[PDB]
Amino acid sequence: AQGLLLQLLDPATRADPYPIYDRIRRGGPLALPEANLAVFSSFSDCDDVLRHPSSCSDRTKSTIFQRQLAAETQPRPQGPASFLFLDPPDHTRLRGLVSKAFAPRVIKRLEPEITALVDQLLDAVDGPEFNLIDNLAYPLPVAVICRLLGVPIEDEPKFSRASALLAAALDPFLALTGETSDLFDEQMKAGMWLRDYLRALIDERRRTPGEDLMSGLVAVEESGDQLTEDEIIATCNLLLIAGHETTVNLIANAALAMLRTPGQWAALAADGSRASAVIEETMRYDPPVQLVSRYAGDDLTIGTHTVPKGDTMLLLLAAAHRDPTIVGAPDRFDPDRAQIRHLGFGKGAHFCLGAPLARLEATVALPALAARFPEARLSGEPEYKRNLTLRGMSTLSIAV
């Protein structure tokens, strides 16, 4: 159990973790009460945990979180990045406010901007080989999130640094190794800098509001107690990291899969309407978010496996998506299959509010990319980041 998880953590396996994921799933649920940890990997088990009324997202109920806090020799810096309690009503209230701005029909209005952005980025692409990450996959969703949150493009390099650091902090290193990350100090600093910057931006938007989402949230904060400044900072932290470290991998993973599967790139190049099917199959086959976690709010049962109160439950979504009880030929990338209702955007009370935006960004980017370069070929094996949870490529080289 410990061995297989350590192989999964090993950066050398990031390029292809799926043989390990399948091996973990076939081995069944991993019960590790000694490390306050349970690991689920089948579709049934992951679904059940995401559904369970006792499953908590709040860190206060985590035993590992309580142990980590007790061992620390200094107070954590002020801000939601270190700590913010939210009861179920707080969470529902925040989702309600954010969901209106991220509704598919509101997000749809960003298509012209996204289309012009995709066209300009592709116009800038030079042969004989280019890095898809640098040229399209990364800068597109970054430009969209910066404009949506009203963040100045001049400060983007600093927002890029903080998002990369905080996206890596979501790796369950403490739950799996027993010790904290080697980037812990930098992640703390990035959290501090973001807090101070967003606090300064919030104040500026009080005096001089814009048409951005941050300015919209400030107006709600200013109109009544329905929203606090800390809640705005927490929300904007989440959105900013989502904008930098998620869609990039949906776009890039899909491009990679099409290049690795004979005829798939050509098919999309000849028929743009295949975009949606390619995207959903990428969400299943090579998910941008590889895993999620929940904490047992009380003693609970998943199937026949009991989880003690306070323990962390890691859900290996990448493994769940290749479960032979839910999908035929699970380890094959096939956009022409009868698609499953995958867990790539989560589900229930915590379902991804950015799903419409992510889908829209990819739906514009991918078919334009294939149509622009129908002759495209993967020139070499891709280069991956250390990230396990928000897993992605730093280099995806395409020959043109």
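One rule holds for the numbers: they count along the sequence shown, beginning at 1.
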Mean C-alpha temperature factor, higher of 240-248 and 126-134:
126-134
So which stretch wins on mean C-alpha B-factor, 377-385 or 5-13?
5-13
When you compare the CA B-factors of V144, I233, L170, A296 as listed in the entry, which one comes out on top?
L170
Take the CA temperature factors straight from the PDB entry and tell me which of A266, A257, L86, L166 peaks.
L86
Which third, lowest, middle or highest, does the CA B-factor of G348 fall in along this chain?
middle
What third of the chain does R67 rank in for C-alpha temperature factor, lowest, middle or highest?
highest
Ranking every modelled residue in this chain by its Cα temperature factor as given in the entry, which third contains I107?
middle
Sorting the chain's modelled residues by C-alpha B-factor and splitting them into thirds places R51 in the middle
For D155, the third of its chain into which the C-alpha B factor falls:
highest
